[PDB]
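S.K.: Below you'll find the structure I mean.
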Amino acid sequence: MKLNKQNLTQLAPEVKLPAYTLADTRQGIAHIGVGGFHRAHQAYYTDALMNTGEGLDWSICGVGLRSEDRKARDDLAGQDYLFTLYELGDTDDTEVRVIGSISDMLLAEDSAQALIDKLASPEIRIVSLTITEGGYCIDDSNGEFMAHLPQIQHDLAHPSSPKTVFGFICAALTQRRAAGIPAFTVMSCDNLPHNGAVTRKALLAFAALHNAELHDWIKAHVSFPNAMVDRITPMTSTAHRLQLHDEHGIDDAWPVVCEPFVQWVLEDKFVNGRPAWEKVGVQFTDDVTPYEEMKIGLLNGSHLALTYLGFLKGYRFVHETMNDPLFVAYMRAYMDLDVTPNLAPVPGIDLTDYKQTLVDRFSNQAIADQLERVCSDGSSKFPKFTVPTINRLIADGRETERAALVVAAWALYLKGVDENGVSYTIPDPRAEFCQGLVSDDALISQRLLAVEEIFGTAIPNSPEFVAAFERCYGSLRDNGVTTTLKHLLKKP
Ligand SMILES: NC(=O)c1ccc[n+]([C@@H]2O[C@H](COP(=O)([O-])OP(=O)(O)OC[C@H]3O[C@@H](n4cnc5c(N)ncnc54)[C@H](O)[C@@H]3O)[C@@H](O)[C@H]2O)c1
């Protein structure tokens, strides 16, 4: 049965349906970057609130700034913006639920002004983001906003026909001001240690390139809450979509699949209101940064440590690496010896138990999370997930070998062929550029480690780290992933 409003009451019995009248919802959030995570997390909690009969005025209007967003818009529009949330887990108490909290999705390609108008409408009180780890344009080595990027220069030159998130948000805020409409809160839901602070720094830096006045007004009227957002959400591959039809009879052009576990801890900093998400499990705390630092360092850091080595070994899913005891031992050593000592205190959390839950969640066999997804965009993910840890090891004079292996694994992985002879394309926005850095084995450490917006300035200037990187890369190439891990796991 095709998922749409017409068929909503004719799906399998076990399928949970929105308990509110879809036609009575009104928009309050504009979400930029409608992919899987937004749908499995923010749209999920908002739909859960609506099912209690509250917050029906907090519907989401999706926003797509990229050509690839057209397919998402068309797939959802063909379902009256309904989509299936399909939870997959082993120690499972999982549900299949139709989500009705997204009511539309606008594309910049259809009209820049229609999108500005939507973002500037008084009903829209929060502009949320899942624009990916590298979408904020801040160079982590020096904390500088990357004003020179072409799309940023484009928006400065054509503020009324922007293409980036910064250009759209500034144009919307200017229009709201001219109408006497209050600012909205900008709510980042991306994996950055201090995601709200980064969003603030970037938007202000961009606004400053326009005029001090817009910059000053934004600094004083817009809030940028930090958050820890957590819910493993694989890509919806054909197999995931077919499994939904096979098991629950729904023909959904684009369901979202995700693990049963879900958490959201937010700083309560909203200038123009927000849904009562705490009624459905969202947690609010004064300073969420140590929790987000913790999750990024341990969960995302471990994901990168597993993913390139796993792809090279020939694995294709996260649970497969967890079925390899050498990978599990390596992740535990990385988490316990390299990351843990660097973490700020996390009130109410026992780190040992938390690290075990990461092992448990990554071991979920039913979810089938793709290493191709986890590997994607390493050029933007390294400075967020791994380099901070490496820099601390370098500064402390601590062993860098396990962390260096992650970077060496990525370097070898960029050549595009695994140990079984299977060739792959590199899913990275700077793929061509990164593959170029590894065209000559003898020059890899000099070229790859010298990209400042990826690795910073400590790594290339560290003899200890460079030697470890070179040892690791040669071992991976000559002896393979398995033998390299065995040797490493025996170092003191
Ligand atoms: N997938 C997960 O398990 C998970 C968990 C926690 C947080 N996240 C966060 O959410 C993000 C998106 O993950 P996803 O799985 O939904 O990915 P996805 O590939 O399904 O969607 C990414 C979305 O971002 C848009 N996008 C990319 N670059 C952009 C840019 N510069 N400006 C505006 N939009 C841009 C894409 O067009 C698309 O709509 C991650 O990068 C991460 O920060 C994901």
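Each chain in the structure tokens gets a letter, A, B and so on, in the order shown; residues start at 1 in every chain, and ligands are counted from 1 in the order they appear.
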Please identify the helix (DSSP H, G or I) residues within region 61-92 of chain A (assignment by DSSP from backbone atoms) and present them as a ChimeraX atom specification.

M.R.: /A:69-77

S.K.: I need the chosen residues saved as a PDB file, in the first residue's frame, with C-alpha atoms.

M.R.:
ATOM      1  CA  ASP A  69      17.151  17.930  -2.361  1.00  0.00           C
ATOM      2  CA  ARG A  70      14.686  17.862  -5.294  1.00  0.00           C
ATOM      3  CA  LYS A  71      14.278  14.093  -5.064  1.00  0.00           C
ATOM      4  CA  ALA A  72      13.519  14.332  -1.309  1.00  0.00           C
ATOM      5  CA  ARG A  73      10.894  17.038  -1.945  1.00  0.00           C
ATOM      6  CA  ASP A  74       9.257  15.082  -4.793  1.00  0.00           C
ATOM      7  CA  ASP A  75       9.225  11.808  -2.826  1.00  0.00           C
ATOM      8  CA  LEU A  76       7.681  13.456   0.210  1.00  0.00           C
ATOM      9  CA  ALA A  77       5.204  15.573  -1.832  1.00  0.00           C
TER      10      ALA A  77
END

S.K.: Using only C-alpha atoms and all ligand atoms, tabulate the residues of chain A lying at most 8 Å from any atom of ligand 1, each with its closest atom pair and that distance in Å to one decimal, by chain and increasing residue number, as a Markdown table.

M.R.:
| residue | atom | partner | partner_atom_place_in_ligand_line | distance |
| --- | --- | --- | --- | --- |
| A:32 | CA | ligand 1 | 34 (N) | 6.0 |
| A:33 | CA | ligand 1 | 39 (O) | 3.5 |
| A:34 | CA | ligand 1 | 39 (O) | 4.2 |
| A:35 | CA | ligand 1 | 20 (O) | 3.3 |
| A:36 | CA | ligand 1 | 16 (O) | 3.7 |
| A:37 | CA | ligand 1 | 16 (O) | 3.8 |
| A:38 | CA | ligand 1 | 16 (O) | 5.8 |
| A:39 | CA | ligand 1 | 16 (O) | 7.6 |
| A:64 | CA | ligand 1 | 39 (O) | 6.0 |
| A:65 | CA | ligand 1 | 33 (C) | 5.5 |
| A:66 | CA | ligand 1 | 37 (O) | 5.1 |
| A:67 | CA | ligand 1 | 37 (O) | 7.5 |
| A:68 | CA | ligand 1 | 37 (O) | 5.9 |
| A:69 | CA | ligand 1 | 37 (O) | 5.2 |
| A:72 | CA | ligand 1 | 39 (O) | 7.9 |
| A:129 | CA | ligand 1 | 34 (N) | 7.9 |
| A:130 | CA | ligand 1 | 10 (O) | 4.6 |
| A:131 | CA | ligand 1 | 35 (C) | 3.9 |
| A:132 | CA | ligand 1 | 41 (O) | 3.2 |
| A:133 | CA | ligand 1 | 43 (O) | 4.9 |
| A:134 | CA | ligand 1 | 31 (N) | 7.0 |
| A:135 | CA | ligand 1 | 31 (N) | 4.1 |
| A:136 | CA | ligand 1 | 31 (N) | 7.3 |
| A:164 | CA | ligand 1 | 32 (N) | 6.1 |
| A:165 | CA | ligand 1 | 32 (N) | 5.7 |
| A:189 | CA | ligand 1 | 9 (C) | 6.2 |
| A:190 | CA | ligand 1 | 43 (O) | 3.2 |
| A:191 | CA | ligand 1 | 43 (O) | 4.0 |
| A:192 | CA | ligand 1 | 43 (O) | 7.1 |
| A:229 | CA | ligand 1 | 6 (C) | 5.7 |
| A:230 | CA | ligand 1 | 6 (C) | 4.9 |
| A:231 | CA | ligand 1 | 5 (C) | 5.1 |
| A:232 | CA | ligand 1 | 3 (O) | 3.6 |
| A:233 | CA | ligand 1 | 3 (O) | 3.7 |
| A:234 | CA | ligand 1 | 1 (N) | 5.7 |
| A:235 | CA | ligand 1 | 20 (O) | 6.4 |
| A:258 | CA | ligand 1 | 3 (O) | 7.7 |
| A:373 | CA | ligand 1 | 15 (O) | 7.9 |

S.K.: With only C-alpha atoms as the atoms that count, which of A:411, A:197, A:312, A:209 lies nearest to residue 166 (chain A)?

M.R.: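 When distances to residue 166 (chain A) are compared using only C-alpha atoms, the smallest one comes from A:209.
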
S.K.: Neighbours of residue 264 (chain A) within 10 Å (only C-alpha atoms; same-chain residues fewer than 3 positions away dropped), as a PyMOL selection string?

M.R.: chain A and resi 41-42+45+189+227-231+277-278+281-284

S.K.: Could you tell me how far CA of residue 113 (chain A) lies from CA of residue 175 (chain A), in Å and to one decimal?

M.R.: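 Distance between the two atoms: 10.7 Å.
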
S.K.: What is the distance between CA of residue 263 (chain A) and CA of residue 241 (chain A), in Å to one decimal?

M.R.: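 That distance, rounded to one decimal, is 24.4 Å.
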
S.K.: Name the residues in contact with residue 490 (chain A) at a cut-off of 12 Å, using only C-alpha atoms, excluding same-chain residues fewer than 4 positions from it; report them as a PDB file with N, CA, C and O atoms, in the first residue's frame.

M.R.:
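Result file follows (part_17.pdb):
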ATOM      1  N   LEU A 326      38.969  -7.793  16.730  1.00  0.00           N
ATOM      2  CA  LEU A 326      40.111  -6.887  16.693  1.00  0.00           C
ATOM      3  C   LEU A 326      39.601  -5.461  16.571  1.00  0.00           C
ATOM      4  O   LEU A 326      40.200  -4.554  17.129  1.00  0.00           O
ATOM      5  N   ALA A 329      38.262  -4.413  20.045  1.00  0.00           N
ATOM      6  CA  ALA A 329      39.388  -4.119  20.963  1.00  0.00           C
ATOM      7  C   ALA A 329      40.050  -2.781  20.621  1.00  0.00           C
ATOM      8  O   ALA A 329      40.434  -1.988  21.509  1.00  0.00           O
ATOM      9  N   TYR A 330      40.212  -2.535  19.329  1.00  0.00           N
ATOM     10  CA  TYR A 330      40.784  -1.251  18.892  1.00  0.00           C
ATOM     11  C   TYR A 330      39.903  -0.060  19.313  1.00  0.00           C
ATOM     12  O   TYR A 330      40.417   0.938  19.851  1.00  0.00           O
ATOM     13  N   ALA A 333      40.222   0.508  23.022  1.00  0.00           N
ATOM     14  CA  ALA A 333      41.516   1.113  23.383  1.00  0.00           C
ATOM     15  C   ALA A 333      41.508   2.611  23.023  1.00  0.00           C
ATOM     16  O   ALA A 333      41.973   3.453  23.779  1.00  0.00           O
ATOM     17  N   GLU A 401      49.796   6.560  18.150  1.00  0.00           N
ATOM     18  CA  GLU A 401      49.647   5.490  17.174  1.00  0.00           C
ATOM     19  C   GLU A 401      48.237   5.050  16.817  1.00  0.00           C
ATOM     20  O   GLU A 401      47.941   4.860  15.628  1.00  0.00           O
ATOM     21  N   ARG A 402      47.380   4.845  17.819  1.00  0.00           N
ATOM     22  CA  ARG A 402      46.018   4.423  17.490  1.00  0.00           C
ATOM     23  C   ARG A 402      45.284   5.502  16.723  1.00  0.00           C
ATOM     24  O   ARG A 402      44.507   5.185  15.812  1.00  0.00           O
ATOM     25  N   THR A 483      46.457  -7.676  10.151  1.00  0.00           N
ATOM     26  CA  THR A 483      47.784  -7.820  10.753  1.00  0.00           C
ATOM     27  C   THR A 483      48.211  -6.512  11.420  1.00  0.00           C
ATOM     28  O   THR A 483      48.797  -6.510  12.492  1.00  0.00           O
ATOM     29  N   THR A 484      47.892  -5.380  10.805  1.00  0.00           N
ATOM     30  CA  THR A 484      48.258  -4.095  11.415  1.00  0.00           C
ATOM     31  C   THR A 484      47.588  -3.938  12.791  1.00  0.00           C
ATOM     32  O   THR A 484      48.212  -3.485  13.748  1.00  0.00           O
ATOM     33  N   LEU A 485      46.296  -4.276  12.888  1.00  0.00           N
ATOM     34  CA  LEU A 485      45.592  -4.165  14.159  1.00  0.00           C
ATOM     35  C   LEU A 485      46.186  -5.131  15.164  1.00  0.00           C
ATOM     36  O   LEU A 485      46.336  -4.783  16.314  1.00  0.00           O
ATOM     37  N   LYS A 486      46.462  -6.366  14.747  1.00  0.00           N
ATOM     38  CA  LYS A 486      47.070  -7.294  15.704  1.00  0.00           C
ATOM     39  C   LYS A 486      48.357  -6.720  16.259  1.00  0.00           C
ATOM     40  O   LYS A 486      48.572  -6.730  17.470  1.00  0.00           O
TER      41      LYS A 486
END

S.K.: Pick from A:196, A:28, A:314, A:290: nearest to residue 347 (chain A), with only C-alpha atoms counted?

M.R.: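 Looking only at the distances to residue 347 (chain A), the closest residue turns out to be A:290.
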
S.K.: Neighbouring residues of residue 466 (chain A) were defined as those with any atom within 8 Å, considering only C-alpha atoms; residues of the same chain fewer than 6 positions away were excluded. Please report them as a PyMOL selection string.

M.R.: chain A and resi 445+459-460

S.K.: Pull N, CA, C and O atoms from the residues just selected and write them as a PDB file, in the first residue's frame.

M.R.:
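Done, and the output landed in out_34.pdb:
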ATOM      1  N   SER A 445      52.560  11.856   3.301  1.00  0.00           N
ATOM      2  CA  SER A 445      52.613  12.563   4.575  1.00  0.00           C
ATOM      3  C   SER A 445      52.847  14.049   4.346  1.00  0.00           C
ATOM      4  O   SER A 445      52.278  14.881   5.043  1.00  0.00           O
ATOM      5  N   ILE A 459      49.535  18.565  13.991  1.00  0.00           N
ATOM      6  CA  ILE A 459      49.799  17.311  13.267  1.00  0.00           C
ATOM      7  C   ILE A 459      50.986  17.362  12.269  1.00  0.00           C
ATOM      8  O   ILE A 459      51.912  16.566  12.366  1.00  0.00           O
ATOM      9  N   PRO A 460      50.980  18.301  11.311  1.00  0.00           N
ATOM     10  CA  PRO A 460      52.102  18.356  10.358  1.00  0.00           C
ATOM     11  C   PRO A 460      53.434  18.738  10.981  1.00  0.00           C
ATOM     12  O   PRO A 460      54.468  18.453  10.435  1.00  0.00           O
TER      13      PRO A 460
END

S.K.: Would you please work out which residue, of A:382, A:315, A:455, A:473, is nearest to residue 428 (chain A) when using only C-alpha atoms?

M.R.: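 Between A:382, A:315, A:455, A:473, the residue approaching residue 428 (chain A) most closely is A:382.
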
S.K.: Would you mind listing what lies within 8 Å of residue 275 (chain A) as a list in words, with only C-alpha atoms counted and same-chain residues fewer than 4 positions away left out?

M.R.: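 Contacts, with the query itself left out: residues 46, 55 and 58 of chain A.
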
S.K.: For the selection just defined, write its residues with N, CA, C and O atoms to a file, as a short mmCIF file (atom, residue, chain, number, x, y, z; two decimals), in the first residue's frame.

M.R.:
data_model
loop_
_atom_site.label_atom_id
_atom_site.label_comp_id
_atom_site.auth_asym_id
_atom_site.auth_seq_id
_atom_site.Cartn_x
_atom_site.Cartn_y
_atom_site.Cartn_z
N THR A 46 8.84 16.16 17.48
CA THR A 46 7.77 17.10 17.27
C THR A 46 6.45 16.37 16.98
O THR A 46 5.40 16.77 17.48
N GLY A 55 1.23 21.57 20.74
CA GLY A 55 2.19 22.01 19.74
C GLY A 55 1.85 21.78 18.29
O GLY A 55 2.75 21.58 17.47
N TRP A 58 3.54 23.91 15.61
CA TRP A 58 4.99 23.78 15.42
C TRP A 58 5.35 22.81 14.29
O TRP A 58 6.36 22.09 14.35
#

S.K.: Looking at only C-alpha atoms, which of A:145, A:9, A:424, A:458 is the one that sits closest to residue 393 (chain A)?

M.R.: A:458

S.K.: Using only C-alpha atoms, which residue out of A:236, A:389, A:185, A:376 lies closest to residue 126 (chain A)?

M.R.: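 Answer, going by the shortest atom-to-atom distance: A:185.
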
S.K.: Show me, as a PyMOL selection string, the residues that have an atom within 10 Å of residue 81 (chain A) when counting only C-alpha atoms, minus same-chain residues fewer than 4 positions from it.

M.R.: chain A and resi 3-5+61-62+73-77+99-105

S.K.: Taking into account only C-alpha atoms, which residue in the set A:51, A:6, A:91, A:79 is nearest to residue 21 (chain A)?

M.R.: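 Between A:51, A:6, A:91, A:79, the residue approaching residue 21 (chain A) most closely is A:51.
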
S.K.: Taking the DSSP assignment computed from this structure's backbone, write out as a PyMOL selection string all residues of region 144-390 of chain A that belong to strand (DSSP E).

M.R.: chain A and resi 144-145+185-188+227-230+256-258+263-266+283-284

S.K.: Grab the residues selected above and save them as a PDB file, in the first residue's frame with N, CA and C atoms.

M.R.:
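Saved as selection18.pdb:
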ATOM      1  N   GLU A 144      38.912  30.729  12.062  1.00  0.00           N
ATOM      2  CA  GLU A 144      38.488  31.758  11.126  1.00  0.00           C
ATOM      3  C   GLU A 144      37.319  31.365  10.200  1.00  0.00           C
ATOM      4  N   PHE A 145      36.380  32.292   9.980  1.00  0.00           N
ATOM      5  CA  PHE A 145      35.297  32.052   9.034  1.00  0.00           C
ATOM      6  C   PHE A 145      35.940  32.083   7.633  1.00  0.00           C
ATOM      7  N   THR A 185      15.037  31.756  16.437  1.00  0.00           N
ATOM      8  CA  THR A 185      16.201  31.120  17.044  1.00  0.00           C
ATOM      9  C   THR A 185      16.805  30.277  15.910  1.00  0.00           C
ATOM     10  N   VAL A 186      18.120  30.162  15.870  1.00  0.00           N
ATOM     11  CA  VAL A 186      18.784  29.283  14.894  1.00  0.00           C
ATOM     12  C   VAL A 186      19.279  28.098  15.735  1.00  0.00           C
ATOM     13  N   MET A 187      18.738  26.928  15.406  1.00  0.00           N
ATOM     14  CA  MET A 187      18.974  25.703  16.172  1.00  0.00           C
ATOM     15  C   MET A 187      19.755  24.648  15.411  1.00  0.00           C
ATOM     16  N   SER A 188      21.065  24.556  15.658  1.00  0.00           N
ATOM     17  CA  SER A 188      21.905  23.569  14.954  1.00  0.00           C
ATOM     18  C   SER A 188      21.679  22.167  15.517  1.00  0.00           C
ATOM     19  N   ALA A 227      23.479  21.893  21.460  1.00  0.00           N
ATOM     20  CA  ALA A 227      22.736  20.666  21.746  1.00  0.00           C
ATOM     21  C   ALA A 227      23.582  19.438  21.545  1.00  0.00           C
ATOM     22  N   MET A 228      23.167  18.366  22.216  1.00  0.00           N
ATOM     23  CA  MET A 228      23.735  17.078  21.959  1.00  0.00           C
ATOM     24  C   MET A 228      22.576  16.332  21.278  1.00  0.00           C
ATOM     25  N   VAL A 229      22.759  15.894  20.034  1.00  0.00           N
ATOM     26  CA  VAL A 229      21.691  15.206  19.309  1.00  0.00           C
ATOM     27  C   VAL A 229      22.186  13.816  18.992  1.00  0.00           C
ATOM     28  N   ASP A 230      21.367  12.793  19.263  1.00  0.00           N
ATOM     29  CA  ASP A 230      21.896  11.456  19.078  1.00  0.00           C
ATOM     30  C   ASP A 230      20.836  10.458  18.608  1.00  0.00           C
ATOM     31  N   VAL A 256      12.375   6.668   6.679  1.00  0.00           N
ATOM     32  CA  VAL A 256      13.638   6.934   7.398  1.00  0.00           C
ATOM     33  C   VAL A 256      13.832   5.723   8.326  1.00  0.00           C
ATOM     34  N   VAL A 257      15.043   5.165   8.341  1.00  0.00           N
ATOM     35  CA  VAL A 257      15.313   4.023   9.222  1.00  0.00           C
ATOM     36  C   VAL A 257      16.249   4.525  10.328  1.00  0.00           C
ATOM     37  N   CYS A 258      16.125   3.959  11.530  1.00  0.00           N
ATOM     38  CA  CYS A 258      16.952   4.454  12.646  1.00  0.00           C
ATOM     39  C   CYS A 258      16.899   3.449  13.776  1.00  0.00           C
ATOM     40  N   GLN A 263      18.103  10.438  21.759  1.00  0.00           N
ATOM     41  CA  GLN A 263      18.265  11.371  22.863  1.00  0.00           C
ATOM     42  C   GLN A 263      18.482  12.781  22.304  1.00  0.00           C
ATOM     43  N   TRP A 264      18.053  13.778  23.065  1.00  0.00           N
ATOM     44  CA  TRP A 264      18.234  15.182  22.650  1.00  0.00           C
ATOM     45  C   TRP A 264      18.397  15.966  23.957  1.00  0.00           C
ATOM     46  N   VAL A 265      19.553  16.589  24.142  1.00  0.00           N
ATOM     47  CA  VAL A 265      19.737  17.439  25.305  1.00  0.00           C
ATOM     48  C   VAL A 265      20.006  18.834  24.693  1.00  0.00           C
ATOM     49  N   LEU A 266      19.206  19.812  25.095  1.00  0.00           N
ATOM     50  CA  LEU A 266      19.251  21.174  24.541  1.00  0.00           C
ATOM     51  C   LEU A 266      19.475  22.229  25.605  1.00  0.00           C
ATOM     52  N   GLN A 283      15.627  16.707  26.821  1.00  0.00           N
ATOM     53  CA  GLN A 283      16.200  17.170  28.078  1.00  0.00           C
ATOM     54  C   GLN A 283      16.812  18.550  27.920  1.00  0.00           C
ATOM     55  N   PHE A 284      16.651  19.414  28.917  1.00  0.00           N
ATOM     56  CA  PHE A 284      17.239  20.746  28.828  1.00  0.00           C
ATOM     57  C   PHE A 284      18.242  20.901  29.959  1.00  0.00           C
TER      58      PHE A 284
END
